[PDB]
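Worksheet: one structure, shown below.
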Amino acid sequence: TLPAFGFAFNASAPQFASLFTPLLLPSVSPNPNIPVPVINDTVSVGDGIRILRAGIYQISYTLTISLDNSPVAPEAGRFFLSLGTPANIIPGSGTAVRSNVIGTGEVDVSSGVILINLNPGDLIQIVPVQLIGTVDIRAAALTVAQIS
Amino acid sequence: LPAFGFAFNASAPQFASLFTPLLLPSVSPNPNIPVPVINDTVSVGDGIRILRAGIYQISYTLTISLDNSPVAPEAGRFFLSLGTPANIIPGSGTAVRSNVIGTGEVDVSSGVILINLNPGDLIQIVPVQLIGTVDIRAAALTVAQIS
Amino acid sequence: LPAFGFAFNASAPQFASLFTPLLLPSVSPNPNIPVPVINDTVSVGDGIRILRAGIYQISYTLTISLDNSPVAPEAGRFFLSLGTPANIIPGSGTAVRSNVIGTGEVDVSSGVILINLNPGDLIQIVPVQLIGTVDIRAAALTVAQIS
Amino acid sequence: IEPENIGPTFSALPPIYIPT
Amino acid sequence: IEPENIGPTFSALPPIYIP
Amino acid sequence: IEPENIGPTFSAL
């Protein structure tokens, strides 16, 4: 009837990125007056959203990244959405951010609005696939919405 | 027909001010056939008011210059707000920060925020923390019903 | 069923060139069950063509290296264009600029631009102004009908 | 909601200065 | 409408140099 | 495709 969707976000604690480890996304209720899980025929598992309904989806993410975590190594990261397992990354969902100097403050990342065929049991997660030094994820959010 | 609204500023930069909704005067992006891309919402000049209960995707983009200033650092945090500028929406937050002067334009996009909204809910882009001078070269707000 | 299209480049970097549509050769993001995510649109290799009138959300992401350049600053302004590369869509613009050499890749995403489109409309991502060499490490164009 | 503890927050924040 | 008048525009254009 | 070869990659290290 209504399209399937899910929204999971982290606005409660920064997290350090860890190679191929899905990002923690504990919250599903963004409305500050009337919070309610914005979840329909999906499942938020704590570090991702599981598909329950076959179809075409828009999936996307946002990250806030601080690159000031080292005194000697300029920091960088490459991020993707993964399908099923962290290694099974989705081409077209990739982003990158890299600083050649130490002490770089927050920068913003957003993926494209990725349109993709998904199937029941598909677990969509945000994964770092390459990290240069320590990367501080100040906040993150993952969006799943059925188009067809 | 789903409810939707798109409001943007491509005509004039604006300096971010604390808890002051960004100015978004335009609703017509099509350069060939300029019509207001507004259905069952209202653009009020600095935001979009919801008229129809439902589930929505709301999002924003900011083009921010960080070198329009003689003092450092240059930094801002931005949220979508609900009803009043202080009533910020968790999950809609972004931040940029340069510890030194001389950083040009940077890009910000929020997530595609899915959220239950209700008639009369006013959605705006608000700065919530500002250091130095933060120059919003361009901004756009998007509201579209999931249905 | 809504019309939609998703075209991306994850296979080769490309230097940005003025009013030159970015190359987007791929339309199959699912690594396990590859299918063209194209319904009632056409991906032409450097953009997506509309076949059906309606309200669409159109948007793009860029990953941009600002340290593959023999001079500084490294900067670019980007828009979606309609039909022809000079016919840019107000509200779809983004910009980045690094005044020095301490920055590699940065992220850009446009707003989620809501817009009336029409059969024959060709949507492309174009740079409209550049300083230095601007390396597009990856890019993606999204078109999806709102209905 | 008070914004100070809603992520993302700045991981550090220098005092205002004129670079020299 | 000229693209030089469509936002966002660069807030400044520092002199170009060879790093 | 190996993840080191899926764009975007770092233009330099």
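Just so you know, all these numbers are worked out from the coordinates, no wet-lab data involved. Here Cβ is always computed from backbone atoms with ideal geometry, including for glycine, and neighbour counts include all displayed protein chains.
Things worth noting here:
- A:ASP68 being among the acidic types (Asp, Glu), away from chain D (no Cβ under 14 Å) and touching a residue at least 12 places away in the same chain (Cβ under 8 Å): no
- Candidates A:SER82, A:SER93 - the one that is touching a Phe, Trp or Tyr at 6+ places or on another chain (Cβ under 6 Å), more than 30 Å from B:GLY83 (Cα to Cα) and hydroxyl-bearing (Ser, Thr, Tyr): A:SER93
- Flag if B:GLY102 is surrounded by 24 or more Cβ atoms within 10 Å (Cβ to Cβ) and within 7 Å of another protein chain (Cβ to nearest Cβ): no
- Qualifying residue in segment A:20-39 (condition: touching a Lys or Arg at 6+ places or on another chain (Cβ under 8 Å), closer than 28 Å to C:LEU1 by Cβ and surrounded by fewer than 18 Cβ atoms within 10 Å (Cβ to Cβ)): no
- For segment B:32-57, the candidate set comprises residues that are crowded, with 19+ Cβ neighbours inside 10 Å and in a loop (DSSP other than H, G, I, E, B); within that set, the residue that is nearest to the other protein chains (Cβ to nearest Cβ) is B:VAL37.
- Taken as a whole, the condition of being closer than 20 Å to C:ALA144 by Cβ and of a type outside the set (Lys, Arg) does not apply to B:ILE64.
- Matching residues in segment E:1-12 - criterion: being part of a loop (DSSP other than H, G, I, E, B) and facing chain B (nearest Cβ under 9 Å): E:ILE1, E:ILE6, E:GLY7, E:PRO8, E:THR9, E:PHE10, E:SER11, E:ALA12
- Condition check for A:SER12: on the phi < 0 side of the Ramachandran plot, of a type outside the set (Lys, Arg) and within 12 Å of chain D (Cβ to nearest Cβ): yes
- Per-region count, segment B:63-94, residues within 17 Å of A:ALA139 (Cα to Cα) and either part of a loop (DSSP other than H, G, I, E, B) or in contact (Cβ under 8 Å) with a residue 40 or more places away in the chain (or both): 12
- Here is the figure for segment B:109-134: residues that are part of a strand (DSSP E or B), at the interface with chain A (Cβ under 7 Å from one of its Cβ atoms) and buried (at least 22 other Cβ atoms within 10 Å of the Cβ) total 4.
- When the residues of segment B:95-147 are filtered to those that are touching a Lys or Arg at 6+ places or on another chain (Cβ under 7 Å) and free of Cβ contacts under 8 Å to residues at least 40 places away in the same chain, the one that is farthest from D:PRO14 (Cα to Cα) is B:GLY104.
- For the residues B:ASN68, B:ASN30, the requirement of being polar (S, T, N, Q), farther than 30 Å from A:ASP68 by Cβ and in contact with a strand residue (DSSP E or B) (Cβ under 9 Å, 6 or more places away or on another chain) singles out B:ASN30.
- Leading residue by the ranking (nearest to C:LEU117 (Cα to Cα)) among those in segment C:1-12 that are assigned to a loop (DSSP other than H, G, I, E, B) and aliphatic (A, V, I, L, M): C:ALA3
- Flag if A:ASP68 is under 16 Å from the mean Cα position of the chain (by Cα) and among the charged types (D, E, K, R): no
- With respect to the conditions (1) over 16 Å from B:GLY91 (Cα atoms); (2) within 14 Å of chain B (Cβ to nearest Cβ); (3) not hydrophobic (A, V, I, L, M, F, W, C), A:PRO37 falls short on a single one, namely (1).
- Pairs meeting the criteria (first residue in segment A:14-31 and without any contact (Cβ under 8 Å) to a residue 60 or more places away in the chain, second residue aromatic (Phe, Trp, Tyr), beta carbons under 8 Å, at least 6 apart or on different chains) are A:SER27/A:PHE9; A:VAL28/A:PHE7; A:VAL28/A:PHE9; A:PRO30/A:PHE7; A:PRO30/A:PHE9.
- Residue in segment B:13-21 that is over 24 Å from C:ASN118 (Cα atoms), more than 7 Å from every other protein chain (Cβ to nearest Cβ), without any contact (Cβ under 8 Å) to a residue 40 or more places away in the chain and not in a strand (DSSP E or B) present: no
- Segment B:3-12, residues that are hydrophobic (A, V, I, L, M, F, W, C) and either away from every other protein chain (no Cβ under 11 Å) or crowded, with 24+ Cβ neighbours inside 10 Å (or both): B:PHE6, B:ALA7, B:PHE8, B:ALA10
- Taking segment A:92-118 as the range and being surrounded by fewer than 23 Cβ atoms within 10 Å (Cβ to Cβ), within 7 Å of another protein chain (Cβ to nearest Cβ) and not in a strand (DSSP E or B) as the test, the residues that pass are A:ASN100, A:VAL101, A:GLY103.
- Qualifying residues in segment B:65-85 (those that are touching a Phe, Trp or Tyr at 6+ places or on another chain (Cβ under 7 Å) and more than 10 Å from chain A (Cβ to nearest Cβ)) - the one surrounded by the fewest Cβ atoms within 10 Å (Cβ to Cβ): B:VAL71
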